[PDB]
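Report on one structure; see the data block that follows.
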Amino acid sequence: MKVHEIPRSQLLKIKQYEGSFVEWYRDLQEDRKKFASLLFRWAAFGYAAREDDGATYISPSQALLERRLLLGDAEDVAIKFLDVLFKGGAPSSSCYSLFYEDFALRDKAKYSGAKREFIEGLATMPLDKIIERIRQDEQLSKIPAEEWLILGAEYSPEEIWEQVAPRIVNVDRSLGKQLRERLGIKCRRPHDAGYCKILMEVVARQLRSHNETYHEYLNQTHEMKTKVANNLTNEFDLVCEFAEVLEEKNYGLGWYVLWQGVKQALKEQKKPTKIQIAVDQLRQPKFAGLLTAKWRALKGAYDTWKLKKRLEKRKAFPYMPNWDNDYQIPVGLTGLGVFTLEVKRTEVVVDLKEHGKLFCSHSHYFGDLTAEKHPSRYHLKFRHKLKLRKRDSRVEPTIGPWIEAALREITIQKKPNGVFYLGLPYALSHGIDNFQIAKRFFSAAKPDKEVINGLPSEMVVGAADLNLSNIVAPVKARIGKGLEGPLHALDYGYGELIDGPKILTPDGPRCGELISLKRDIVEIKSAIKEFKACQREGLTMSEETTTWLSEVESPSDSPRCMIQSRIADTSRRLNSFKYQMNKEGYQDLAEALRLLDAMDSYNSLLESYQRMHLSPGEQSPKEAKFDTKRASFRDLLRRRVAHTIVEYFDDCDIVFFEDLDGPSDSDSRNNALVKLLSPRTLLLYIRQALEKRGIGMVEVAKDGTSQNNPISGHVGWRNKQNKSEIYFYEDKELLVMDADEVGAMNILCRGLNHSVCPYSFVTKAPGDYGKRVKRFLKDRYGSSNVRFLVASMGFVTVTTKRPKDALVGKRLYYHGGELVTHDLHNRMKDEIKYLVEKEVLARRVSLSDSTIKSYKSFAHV
DNA sequence: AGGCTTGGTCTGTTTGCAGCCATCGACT
DNA sequence: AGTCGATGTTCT
RNA sequence: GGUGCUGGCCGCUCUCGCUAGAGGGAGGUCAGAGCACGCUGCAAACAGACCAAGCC
Ligand SMILES: [Mg+2]
């Protein structure tokens with residue numbers, strides 16, 4: 001079967017070093033360091049020079065100046081050298097040649113494997129297959145197919161090679177040797193192939209990381225000045241004229257500031273609102289051409305101004321990369337540096353043959369590690385144990401499973417504390433089938449039919465919905481060609497469900513009073529300004545905030561110190577529950593979550609008590625205390641969300657998730673999840689722990705997955721006071737279920753639909769739809785080039801003719817099979833919204849039921 | 001008391017570049 | 001047999 | 001048995017202060033383990049947090 005390896009690495013703290021290495025490391029982080037800032041100029045990279053006063057703005061012409069002013073003669077070769085260096089990969093086979101002083105060349109090109117296969121079948125190979133092999137080969141075109149053909153007919157295969165190798169050689173490999181002598185280039189060590197071979201690719205490994213950014217950072221400047229001057233309307237002609245006369249008067253302009261300006265200026269309103277400076281400038285004649293603008297044609301003139309102002313804050317070219325910080329030095333078995341390795345008294349040892357031996361410590365991640373050398377790879381076998389602090393604890397150390405893997409190179413780094421670490425970039429022999437199916441089959445709209453036939457009969461899926469509430473609600477399922485069932489999967493068949501959907505981490509107990517503890521910090525932020533706003537006016541304080549302050553046993557009624565006792569009593573609460581949760585190791589994520597935010601508002605509060613005394617206009621330059629906690633903690637919770645999500649998804653082959661970082665609706669900027677814990681870092685941290693077990697992961701859209709009904713597709717209402725419940729109107733009977741459960745089904749639904757079944761899209765006139773939108777209109781109604789008609793009851797119809805009466809350039813919603821419009825999707829929400837308000841009784845419907853024959857959401861048949 | 005816009009200073013958050021080497025030929 | 005230098009590819 | 005994460009106590013220092021106290025910060029010190037673990041360099045865009053004004 002086909003396998004695919006997965007790159008991972010975990011630390012190893014080095015204790016002692018032996019030999020001349022210490023100088024050796026310091027030389028590479030000085031040889032790298034030394035020449036990287038010189039090679040910067042050779043490709044003429046336009047660079048800002050970092051400075052406290054600003055950033056100087058050097059241009060390519062101001063940098064191409066010193067290219068020939070630094071190399072008068074190597075220029076005509078260096079440009080050929082940089083390309084054969086920027087291509088990289090390995091066909092640049094020996095770029096190290098310039099550093100190595102004894103660099104020898106051979107007069108023959110090497111006998112490559114693909115260079116052998118081409119000669120023995122030179123007699124019969126067709127020219128419409130001979131020329132498609134060589135055209136794409138760097139060494140083969142240099143001889144035209146004429147003299148290629150003659151040797152195949154006359155000569156037996158083995159004789160031909162003896163006379164073509166000095167002809168098809170890649171003459172770029174000499175470019176390195178010339179530059180050293182013509183430039184007087186000396187490194188620190190020069191007969192040492194290791195020192196050279198590593199350093200060449202190492203500096204290159206840091207440089208190519210800058211070239212592709214360079215042409216990509218630029219190609220944005222070419223796409224940004226295209227999409228600012230493509231939407232210049234007579235509405236842009238006066239929208240930016242609004243901010244010019246706003247900054248002179250010392251003001252600015254926002255987004256939701258926009259809609260209450262014309263509604264108060266279209267009826268004589270003599271009592272201003274928060275935007276009177278706009279309303280008084282929305283009564284002048286030069287901005288009276290703005291009050292009369294349309295509905296949607298102004299959202300497409302707000303983004304350009306919100307896009308143009310990003311063109312002006314952006315620098316014209318990248319900064320200069322700072323190279324002083326130590327880089328992760330890699331050393332590999334074959335070709336690069338040479339190393340051997342052992343486990344000495346369960347303590348790791350590393351040996352480098354020319355330059356002496358490192359020393360190493362016993363590690364917990366590799367708990368029962370073993371090593372056996374094979375000629376190309378190291379084979380490791382180990383498991384994960386726990387970390388053993390207590391000696392007479394009844395507590396067994398958690399045993400991980402054994403891991404069979406391969407390892408071929410090692411990494412080294414100094415940390416700012418002066419410690420040398422050692423890394424192990426290891427590869428995992430795992431089945432590629434799950435990944436192979438993941439990208440090609442579920443991600444995309446239509447896979448080729450030779451790919452669809454790459455499926456076994458039955459396989460397992462999963463999904464969940466994650467919001468800040470009770471985070472994980474999974475559902476496992478079974479999909480089958482043979483087996484019939486209630487969920488429709490595109491191109492694979494029907495499926496029937498094993499477990500789920502259930503919530504797995506319900507919000508723990510201590511949360512209820514920790515939010516109640518957050519409110520205690522909520523009032524301290526608004527109250528500290530009351531001590532600071534009456535210091536400027538001369539007034540006293542409000543009793544309602546004062547009455548709250550007295551709730552503490554405070555030995556002084558002074559307003560100042562009672563503030564401090566509500567906070568010391570608050571810090572103790574955080575200090576205490578810190579301890580009693582540290583006992584556990586944080587086994588309830590849902591608990592630590594509302595605690596994490598509680599740890600946030602406390603640190604967010606101490607920055608206003610240090611700045612209480614400050615008279616108006618003098619600040620405190622709060623410095624980095626390199627709080628190591630808040631950074632390396634909120635990571636731990638994410639790498640702990642894996643364990644609860646992996647445990648329930650081990651037996652699955654594929655997983656699905658809600659990608660909350662995509663084109664979402666408007667309420668997702670203030671949302672805490674983009675603020676509290678990264679979606680993609682969490683989804684990727686799941687992927688990294690899912691890839692580890694050879695289980696594919698494929699995201700799907702985030703557009704209204706919580707909203708739709710899994711059974712009937714009809715709309716629902718996420719209760720605006722209780723986000724955990726959601727309501728539905730079907731069959732003249734009201735129903736209710738759990739929202740963050742509902743989302744798990746709609747993600748499982750949309751997953752088996754390849755995200756094809758849409759939620760909302762924008763019309764045009766038969767500006768094209770994406771390839772994932774097409775397969776819906778073609779499969780159901782008949783084609784892609786279709787206009788849409790408003791019809792009886794205010795529905796929408798798909799017409800196979802293309803008339804001009806119809807609505808074009810608008811927006812829709814999809815429910816149960818019917819294409820409905822926007823003024824109806826409000827009405828449809830309005831249908832449930834009113835029934836709940838009138839205090840009617842609904843019927844809860846679990847989705848674990850068997851009475852359901854088929855789920856009709858995101859399926860078309 | 002609260003509700004935005006502007007800017008500065010400081011960390012913190014979310015991304016796409018580079019990478020995780022095999023094989024012959026000369027020589028022991 | 002074995003070491004270490006120097007050399008080899010191409011689709012999205 | 002490598003990196004994380006935690007509270008008391010001690011002083012030390014720092015900041016304010018209706019005088020009551022609080023809050024930091026790198027280390028010296030008393031307590032707790034059913035806690036997961038892709039390491040790393042260059043780069044770029046937002047948002048988050050506090051002091052200032054004008055404005056309704
Ligand atoms: Mg949700």
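Here's how to read the names in the structure tokens: chain A, B, ... by the order shown, residue numbers from 1 in each chain, ligand numbers from 1 in the order shown.
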> Looking only at the backbone, which of the residues in stretch 35-79 of chain A does DSSP tag as helix (DSSP H, G or I), as number ranges by chain?
Replying inline: A: 35-39, 60-68, 75-79
>> Around ligand 1, out to 10 Å and counting only C-alpha atoms (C1' of nucleotides) and all ligand atoms, which residues are there? I want them as a list in words.
In response: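 Residues lying within 10 Å of ligand 1: residues 464, 465, 466, 467, 468, 469, 470, 471, 472, 473, 658, 660, 702, 704, 705, 706, 707, 723, 724, 739, 740, 741, 742, 743 and 744 of chain A.
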>> Using only C-alpha atoms (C1' of nucleotides) and a distance of at most 6 Å, pull out the residues of chain A that contact chain D, as a PyMOL selection string.
In response: chain A and resi 8-13+273-274+327-328+362-364+423+556+558+561+564+575+578-579+582-583+585+613+617+619+639-640
Within 8 Å of chain B, which residues of chain A are there when counting only C-alpha atoms (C1' of nucleotides)? Please give them as a JSON list (two decimals) with N, CA, C and O atoms, in the first residue's frame.
```
[["chain", "number", "residue", "atom", "x", "y", "z"],
["A", 7, "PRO", "N", 5.94, 15.12, 9.30],
["A", 7, "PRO", "CA", 7.06, 15.75, 10.00],
["A", 7, "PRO", "C", 6.70, 16.30, 11.38],
["A", 7, "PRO", "O", 5.82, 17.16, 11.51],
["A", 110, "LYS", "N", 26.36, 12.58, -13.74],
["A", 110, "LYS", "CA", 26.10, 11.36, -12.99],
["A", 110, "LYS", "C", 25.06, 10.49, -13.69],
["A", 110, "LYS", "O", 24.14, 10.99, -14.36],
["A", 111, "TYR", "N", 25.20, 9.18, -13.52],
["A", 111, "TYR", "CA", 24.28, 8.18, -14.05],
["A", 111, "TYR", "C", 23.00, 8.16, -13.23],
["A", 111, "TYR", "O", 22.89, 7.38, -12.28],
["A", 112, "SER", "N", 22.03, 9.00, -13.58],
["A", 112, "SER", "CA", 20.79, 9.04, -12.83],
["A", 112, "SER", "C", 19.88, 7.88, -13.21],
["A", 112, "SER", "O", 20.00, 7.29, -14.28],
["A", 205, "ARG", "N", 18.63, 28.34, 3.09],
["A", 205, "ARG", "CA", 17.35, 28.03, 3.71],
["A", 205, "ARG", "C", 16.73, 29.25, 4.38],
["A", 205, "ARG", "O", 15.50, 29.31, 4.55],
["A", 206, "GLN", "N", 17.55, 30.23, 4.78],
["A", 206, "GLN", "CA", 17.02, 31.48, 5.32],
["A", 206, "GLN", "C", 16.74, 32.53, 4.25],
["A", 206, "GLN", "O", 15.96, 33.45, 4.50],
["A", 207, "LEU", "N", 17.37, 32.41, 3.08],
["A", 207, "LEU", "CA", 17.24, 33.41, 2.03],
["A", 207, "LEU", "C", 16.00, 33.18, 1.16],
["A", 207, "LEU", "O", 15.18, 34.08, 0.99],
["A", 208, "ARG", "N", 15.86, 31.97, 0.59],
["A", 208, "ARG", "CA", 14.69, 31.68, -0.23],
["A", 208, "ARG", "C", 13.40, 31.96, 0.53],
["A", 208, "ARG", "O", 12.37, 32.23, -0.09],
["A", 209, "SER", "N", 13.43, 31.88, 1.86],
["A", 209, "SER", "CA", 12.29, 32.30, 2.66],
["A", 209, "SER", "C", 11.98, 33.78, 2.48],
["A", 209, "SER", "O", 10.90, 34.22, 2.89],
["A", 210, "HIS", "N", 12.89, 34.54, 1.88],
["A", 210, "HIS", "CA", 12.66, 35.96, 1.61],
["A", 210, "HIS", "C", 12.37, 36.28, 0.15],
["A", 210, "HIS", "O", 11.71, 37.29, -0.12],
["A", 211, "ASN", "N", 12.83, 35.47, -0.81],
["A", 211, "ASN", "CA", 12.57, 35.80, -2.21],
["A", 211, "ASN", "C", 11.09, 35.70, -2.54],
["A", 211, "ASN", "O", 10.50, 36.63, -3.09],
["A", 212, "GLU", "N", 10.46, 34.56, -2.24],
["A", 212, "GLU", "CA", 9.06, 34.37, -2.58],
["A", 212, "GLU", "C", 8.16, 35.37, -1.88],
["A", 212, "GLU", "O", 7.15, 35.79, -2.45],
["A", 213, "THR", "N", 8.50, 35.78, -0.65],
["A", 213, "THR", "CA", 7.78, 36.88, -0.03],
["A", 213, "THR", "C", 7.94, 38.16, -0.85],
["A", 213, "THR", "O", 6.98, 38.92, -1.03],
["A", 247, "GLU", "N", -10.26, 64.97, 9.48],
["A", 247, "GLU", "CA", -9.00, 64.94, 10.23],
["A", 247, "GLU", "C", -8.53, 66.33, 10.60],
["A", 247, "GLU", "O", -7.85, 66.50, 11.62],
["A", 250, "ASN", "N", -10.13, 67.19, 13.64],
["A", 250, "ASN", "CA", -9.72, 66.23, 14.68],
["A", 250, "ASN", "C", -10.84, 65.23, 14.96],
["A", 250, "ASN", "O", -11.35, 65.11, 16.07],
["A", 251, "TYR", "N", -11.23, 64.50, 13.91],
["A", 251, "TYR", "CA", -12.20, 63.43, 14.03],
["A", 251, "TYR", "C", -11.96, 62.40, 12.93],
["A", 251, "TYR", "O", -11.09, 62.59, 12.06],
["A", 252, "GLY", "N", -12.71, 61.31, 12.98],
["A", 252, "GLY", "CA", -12.58, 60.23, 12.02],
["A", 252, "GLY", "C", -13.92, 59.67, 11.62],
["A", 252, "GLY", "O", -14.96, 60.28, 11.90],
["A", 253, "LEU", "N", -13.93, 58.50, 10.98],
["A", 253, "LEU", "CA", -15.15, 57.91, 10.45],
["A", 253, "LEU", "C", -15.11, 56.40, 10.65],
["A", 253, "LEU", "O", -14.09, 55.76, 10.41],
["A", 254, "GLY", "N", -16.24, 55.83, 11.09],
["A", 254, "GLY", "CA", -16.33, 54.41, 11.34],
["A", 254, "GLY", "C", -17.32, 53.73, 10.42],
["A", 254, "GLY", "O", -17.68, 54.29, 9.38],
["A", 274, "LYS", "N", -24.81, 61.38, 18.05],
["A", 274, "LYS", "CA", -23.36, 61.26, 18.24],
["A", 274, "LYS", "C", -22.55, 61.67, 17.02],
["A", 274, "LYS", "O", -21.34, 61.87, 17.12],
["A", 332, "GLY", "N", 22.12, 16.15, 8.61],
["A", 332, "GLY", "CA", 21.48, 14.96, 8.06],
["A", 332, "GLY", "C", 22.47, 13.84, 7.81],
["A", 332, "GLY", "O", 23.66, 14.11, 7.71],
["A", 334, "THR", "N", 22.94, 11.38, 5.06],
["A", 334, "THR", "CA", 23.60, 11.23, 3.77],
["A", 334, "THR", "C", 23.82, 12.58, 3.11],
["A", 334, "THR", "O", 22.89, 13.38, 2.96],
["A", 335, "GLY", "N", 25.06, 12.85, 2.75],
["A", 335, "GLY", "CA", 25.53, 14.06, 2.06],
["A", 335, "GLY", "C", 25.95, 15.27, 2.87],
["A", 335, "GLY", "O", 26.99, 15.86, 2.59],
["A", 409, "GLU", "N", 17.56, 12.87, 10.45],
["A", 409, "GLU", "CA", 18.42, 14.02, 10.72],
["A", 409, "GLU", "C", 18.02, 14.65, 12.06],
["A", 409, "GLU", "O", 17.01, 14.27, 12.67],
["A", 425, "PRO", "N", 13.51, 15.71, 14.35],
["A", 425, "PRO", "CA", 12.46, 15.75, 13.33],
["A", 425, "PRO", "C", 12.21, 14.35, 12.81],
["A", 425, "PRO", "O", 12.97, 13.84, 11.99],
["A", 426, "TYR", "N", 11.12, 13.73, 13.26],
["A", 426, "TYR", "CA", 10.86, 12.34, 12.94],
["A", 426, "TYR", "C", 9.72, 12.22, 11.94],
["A", 426, "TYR", "O", 8.88, 13.11, 11.80],
["A", 621, "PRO", "N", 5.32, 53.79, 30.43],
["A", 621, "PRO", "CA", 5.78, 52.95, 29.31],
["A", 621, "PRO", "C", 5.93, 51.49, 29.72],
["A", 621, "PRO", "O", 7.01, 50.96, 29.95],
["A", 622, "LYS", "N", 4.77, 50.83, 29.85],
["A", 622, "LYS", "CA", 4.72, 49.47, 30.35],
["A", 622, "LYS", "C", 5.63, 48.59, 29.50],
["A", 622, "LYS", "O", 5.45, 48.49, 28.28],
["A", 623, "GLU", "N", 6.59, 47.94, 30.15],
["A", 623, "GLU", "CA", 7.63, 47.20, 29.46],
["A", 623, "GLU", "C", 7.27, 45.72, 29.44],
["A", 623, "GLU", "O", 6.38, 45.25, 30.15],
["A", 624, "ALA", "N", 7.98, 44.97, 28.59],
["A", 624, "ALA", "CA", 7.80, 43.53, 28.55],
["A", 624, "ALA", "C", 8.49, 42.89, 29.74],
["A", 624, "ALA", "O", 9.73, 42.90, 29.83],
["A", 675, "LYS", "N", -10.89, 36.16, 19.28],
["A", 675, "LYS", "CA", -10.10, 36.77, 20.35],
["A", 675, "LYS", "C", -9.52, 35.76, 21.34],
["A", 675, "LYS", "O", -8.36, 35.90, 21.73],
["A", 678, "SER", "N", -7.46, 30.76, 18.71],
["A", 678, "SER", "CA", -7.49, 30.81, 17.26],
["A", 678, "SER", "C", -8.34, 29.69, 16.69],
["A", 678, "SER", "O", -8.24, 28.55, 17.16]]
```
Closest-contact table, chain C side, partner chain A, 10 Å, counting only C-alpha atoms (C1' of nucleotides), as CSV:
```
residue,atom,partner,partner_atom,distance
C:4,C1',A:335,CA,8.0
C:5,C1',A:335,CA,8.0
C:6,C1',A:94,CA,7.0
C:7,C1',A:93,CA,5.7
C:8,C1',A:112,CA,5.7
C:9,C1',A:91,CA,7.2
C:10,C1',A:136,CA,7.5
```
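Backbone DSSP over stretch 226-358 of chain A gives strand (DSSP E) for residues 329, 330, 331, 332, 340, 341, 342, 343, 344, 347, 348, 349, 350, 351, 352, 356, 357 and 358 of chain A.
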>> If I take atom CA of residue A:385 and atom CA of residue A:368, how far is one from the other in Å, to one decimal?
In response: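 About the pair atom CA of residue A:385 and atom CA of residue A:368: they are 8.1 Å apart.
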> Neighbours of residue A:812 within 6 Å (only C-alpha atoms (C1' of nucleotides); same-chain residues fewer than 5 positions away dropped), as a PyMOL selection string?
Replying inline: chain A and resi 760+820-822
